[PDB]
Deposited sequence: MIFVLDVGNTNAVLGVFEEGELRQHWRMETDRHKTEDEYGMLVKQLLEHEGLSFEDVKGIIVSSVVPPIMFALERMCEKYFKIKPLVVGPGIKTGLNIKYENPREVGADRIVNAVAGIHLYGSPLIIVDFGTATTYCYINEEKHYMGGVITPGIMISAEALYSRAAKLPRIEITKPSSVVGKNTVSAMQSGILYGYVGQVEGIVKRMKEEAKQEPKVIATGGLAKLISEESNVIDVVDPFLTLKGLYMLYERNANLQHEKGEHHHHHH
């Protein structure tokens, strides 16, 4: 089985693929305090409750935006799995044609998401990833990664305000402060996504399918039709594709 790890500033998502299918996934807060042995012990527990052992895992790929924890995760992989993981970084092969002027500044997971999205959903595509930032990538009808749009993420924008559950209020016009802020975050974000996506489609030669991922993709897609498919595991699936290409 192949173990994938997508580590964010705030959250990590783990998954195990068996015969090219996602067997199980797990989500957690990124912990800069945790040691290689405490990662190994937590992973042991996740595997055990899934009916798996370390031995079941034959390959590992990690994508991370947190250098201060890479050393420990790599050491945990080497110690518990006896495997040196593949790290998504400069010089990993992806098969992705990047026409963006800044290919090296493209987030690793935008690349991963584009590889998965094109393989799973075709082209042209708009990919919306609601994470720490909300990104919108545009892949053209020749499967070229053209670039896109970056905005503040739902939680980071909600924190800068409330300074948290993204709840639907009983009305848009908030009859009270909490209600006004709930409306603002939710409907403001929906309006943001609708507006950007409509403008990106306007610039497009062929009309693209819109796919979204990230924890809060579902909330947004419940409120709008602008998103065609929510795929919560796009990045995991992409990292699995990358592992296979690079094995």
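- Gaps between the deposited sequence and the modelled coordinates occur at 164 to 170, 255 to 268, listed in sequence order.
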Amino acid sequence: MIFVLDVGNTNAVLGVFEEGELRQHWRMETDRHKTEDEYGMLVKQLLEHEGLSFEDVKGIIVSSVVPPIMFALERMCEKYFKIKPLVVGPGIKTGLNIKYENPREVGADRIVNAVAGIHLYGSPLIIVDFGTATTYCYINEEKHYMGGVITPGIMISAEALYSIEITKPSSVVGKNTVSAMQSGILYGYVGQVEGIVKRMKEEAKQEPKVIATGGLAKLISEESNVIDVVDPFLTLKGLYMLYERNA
From here on, numbers count along this sequence of modelled residues.
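- Checked against the record, the higher mean CA B factor of 98 to 106 and 143 to 151 lies with 98 to 106.
- Stretches compared: 212 to 220, 174 to 182. Higher mean C-alpha B-factor in the entry: 174 to 182.
- Highest CA B-factor among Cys137, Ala158, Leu120, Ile111, as stated in the entry: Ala158.
- Within the listed group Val43, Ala204, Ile61, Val65, the record reports its top CA B-factor for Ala204.
- For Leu242, the recorded CA temperature factor ranks within the middle third of the chain's modelled residues.
- Ranked by Cα temperature factor within the chain, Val128 sits in the lowest third according to the deposited record.
- Ranked by Cα temperature factor within the chain, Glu29 sits in the highest third according to the deposited record.
- Split the chain's modelled residues into thirds by C-alpha temperature factor. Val115 is in the lowest one.
- The PDB entry assigns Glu21 a C-alpha temperature factor belonging to the middle third of its chain's modelled residues.
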